[PDB]
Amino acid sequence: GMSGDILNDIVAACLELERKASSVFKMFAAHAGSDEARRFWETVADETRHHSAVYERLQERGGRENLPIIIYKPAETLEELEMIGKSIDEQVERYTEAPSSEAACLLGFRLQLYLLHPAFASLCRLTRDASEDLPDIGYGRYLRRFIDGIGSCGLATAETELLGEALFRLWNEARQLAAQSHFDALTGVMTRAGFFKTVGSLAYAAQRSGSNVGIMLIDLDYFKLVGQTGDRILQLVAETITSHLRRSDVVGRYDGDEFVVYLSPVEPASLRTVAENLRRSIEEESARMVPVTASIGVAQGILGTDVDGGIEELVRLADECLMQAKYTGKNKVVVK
């Protein structure tokens, strides 16, 4: 399947990108003017290569058992990671044309930015999620070593090795913390909080342009016995919803079984169609697992100066539409 290929290619891309970053650092180490700098770059190289083993383990494991790869908007994520590779290669070529410590510094920082891409941590958390939390990096223990070295002699190189290690690990922790805060583990859509943080910023831009925006709330009903497979339904539906999204639209977890989508720009003329086609897709693409009934409530509007108040209002309106669609559901898609 093209979708499976994509997920496999994202795992491969993350693996290649950390390897490539490691390679570039090794090149900086070989070009370094001092032992201090050489060992800094070698340590960062080593830490980055060691870290990349996570993706290797995902590939190995994924060849022994069916291992769900959970990624926010796979197609767009793969294109971003390929383009990151392309930019790195261009910058490495610029470096090769005129190597210097200064060029290495700037490209090192660019790598530090680029490899913050959410995909990396979205994959790293797969096994941690499996069985439990993030390890203590010990900022404080690193600090104490630097403090105890104040006034030392002969330890410039041991310190830059420590700096390289502390920095890789705290930077990596930052990736993992961002992922835990912004993205849902189970489905890969945004967390509720991440969704509203992302939408806040988009909404301010919407307000400035006078764009129509929308909030859509999607509730799933699947057969239940009275009083695991809900989880699996959620993953599949998240994929269906995600396939209906443009680059400008955002999906998140709203309520526990419930999804929220931010639509921008909205053409009011075509909103009923988009919502109805999502409902049909959700239900038809779920046949081969367990039948699911989707109820969808959607509200749209143009935001005033109180942007937060506006988004709040649309959520409130969408929710009353959702209540109708669920319970007074003559239609299971209610638009306003």
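Note that residue numbering follows the sequence shown and begins at 1.
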{"query": "Deposited residues omitted from coordinates between residue 131 and residue 132, as a class", "finding": "1 to 3"}
{"query": "Deposited residues omitted from coordinates between residue 227 and residue 228, as a class", "finding": "4 to 9"}
{"query": "Which of 10-18 and 318-326 has higher mean CA B factor, as the PDB entry lists it", "finding": "318-326"}
{"query": "307-315 versus 279-287 - which carries the larger mean C-alpha B factor in the record", "finding": "279-287"}
{"query": "Selection from 146, 171, 222, 95 [criterion: highest C-alpha temperature factor in the record]", "finding": "222"}
{"query": "Candidate set 166, 150, 78, 124 [ranked by C-alpha B-factor, highest]", "finding": "124"}
{"query": "Ranked against its chain, the third holding the CA B-factor of residue 254", "finding": "highest"}
{"query": "Residue 51 CA temperature factor, ranked by third within the chain", "finding": "lowest"}
{"query": "Relative C-alpha B-factor of residue 292, binned into the chain's lowest, middle or highest third", "finding": "highest"}
{"query": "Third of chain Cα B-factors occupied by residue 272", "finding": "highest"}
{"query": "CA B-factor ranking of residue 184, expressed as a third of its chain", "finding": "lowest"}
